[PDB]
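As C-alpha cells, one chain now follows by itself in the form deposited in one PDB entry.
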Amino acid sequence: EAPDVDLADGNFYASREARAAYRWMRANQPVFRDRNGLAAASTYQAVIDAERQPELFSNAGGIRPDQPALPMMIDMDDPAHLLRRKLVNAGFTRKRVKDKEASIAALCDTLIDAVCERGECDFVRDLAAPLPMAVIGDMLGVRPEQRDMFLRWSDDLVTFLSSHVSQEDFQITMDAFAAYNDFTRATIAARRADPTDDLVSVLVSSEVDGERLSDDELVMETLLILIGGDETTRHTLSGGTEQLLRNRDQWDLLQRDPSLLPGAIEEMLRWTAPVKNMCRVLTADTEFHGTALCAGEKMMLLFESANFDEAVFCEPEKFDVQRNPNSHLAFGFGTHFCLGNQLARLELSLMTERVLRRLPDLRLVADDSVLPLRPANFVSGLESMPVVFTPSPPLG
C-alpha cells in the first residue's frame, strides 16, 4: 500500500524514512500523488523528462508548491530566463569562480583555526554553516562581523520557502527582505559611483543583447544567490562529511589519495541532495509517465529520490566516493541547472581537503539515529554534528 505522506510537510523530509517512501513511488507510481493530491516525479527518468520539457513544465508559476512566482531567474521561462541568466552569469564565469580559490581557502583555514585547539566542535555551527555565508558575504561586501545578521536573514527566507508560514513568520520574512533590500540598494548606489571588483560591481557592468540589470533585478538576483548558495552548500558539507566519518574506509581512501576528492564531492552531492524538490507548473493537461496531470497544478521534482534511483545508480544506499558514473541531480538539469554549481563544488573541495589534513583523526561523537534533520520541505540537512579530533595549533 502507498505511503501516507504529505510532500509539502517539512516533517516528511526530516524523516529518515523518506527514502523508503521514495522507493515505493519509484516502483509503483513514478509520478506520485501524495495524501493531498500533490503530484511529484520520483524517478530519475521522470525528473529528466520533465526538466527537458520546460514549455509543458514551467517555472513561471514559482518553484514552491503553494507560493506565487517572484521576479527572479529561477521563476522565469525562456527566452526571458535566458537573458536574465546571461546577465547574471558575468559573476559566475569559470575564470571568476576559479580565481576565488585562494580567498575561499583562507576562509576555510580561519574557520578551522577557530576550533583546532579545542578537540571538539559542532561541524555544522562551526564549519559547514559559516563558510558558505562568508564566501557569499565577501562577494556582497558584508563586513565579517555582520555575516551573522545575513545568515539569519537567509535562514528566515529559506524557512519561508520551506513551509506555509504563520502571519508572525510572514512578517519576519518581510522584515528580513526589507533589511536586505536596503543594504543591497546602498551597495548598488556605492558601486555605480565607484566600481570595485565585487559581485554587485560585476553585475552592474554586465551587458547582454543591449540590456542591463535594473536595480530591482540586481536586488532579486543577488537575493537568489544569497539564499540559494548558503544553506544548500552547508548541508552537503555536513551531510557529506558525515558519510565519510560513518564509513571510515571512505575517509581513509580520501586521506591517502587527494586525486579522489573530485569524485568524493560528487558523491557527497548525490547523497545529501540539499534541495529536496523544485516545482513545475503544468501549462496543459498531459499524461506523464502514467499519471494524468491538469493544467495549472504544480508537480514536484524529487531530486533526492532521483539520486537514489536504482535504475541509474547501482546500490544507491552505498556511499562510494569512487562512484563512476555519478550523474546526480543535486543541481538539477536543463535550462535551470544550478548557476552556482562550480562555486559550490569549489567550497566543498577546499573545506574537505583541509578537514582531511588538519583534522586527520576526526570522528563523530554520537551516531545518526540521534542527529536530527531540519524540518523543511525545500532545503534541508543536519541541524548539528558534534565531532572530536586530536587538537593541533592554528595556522594563523
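All residue numbers are counted from 1 along the displayed sequence. For clarity, a rigid core is taken as the largest C-alpha set superposing within 1.5 Å between two forms.
There is also a form deposited in another entry; it is not shown, and the following applies to it.
K.L.:
Just one of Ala292, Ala114, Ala106, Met174 has a CA that shifts 2 Å or more between the shown form and the other one on a core fit; which is it?
P.N.:
Looking at each option in turn, only one qualifies, and it is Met174.
K.L.:
Note yes or no: does the Cα of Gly210 move by 2 Å or more between the shown form and the other one after the core is superposed?
P.N.:
Comparing the forms between the shown form and the other one, which are aligned on their rigid core, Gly210 does shift its C-alpha by 2 Å or more.
K.L.:
Taking the rigid core as the frame, does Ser162 move its C-alpha by 2 Å or more between the shown form and the other one?
P.N.:
Result for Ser162: yes, a 2 Å-plus shift.
K.L.:
Could you tell me whether the Cα atom of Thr93 shifts by at least 2 Å between the shown form and the other one after core superposition?
P.N.:
It does shift by 2 Å or more.
K.L.:
If the C-alpha spacing of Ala14 and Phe170 moves by 3 Å or more in the other form, is that a move closer or farther apart?
P.N.:
It is closer: the C-alpha separation of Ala14 and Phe170 falls by at least 3 Å in the other form.
K.L.:
Relative to what's shown here, the Cα pair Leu161 and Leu224 differs by 3 Å or more in the other form. Does it come closer or drift farther?
P.N.:
Farther: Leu161 and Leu224 separate by 3 Å or more in the other form.
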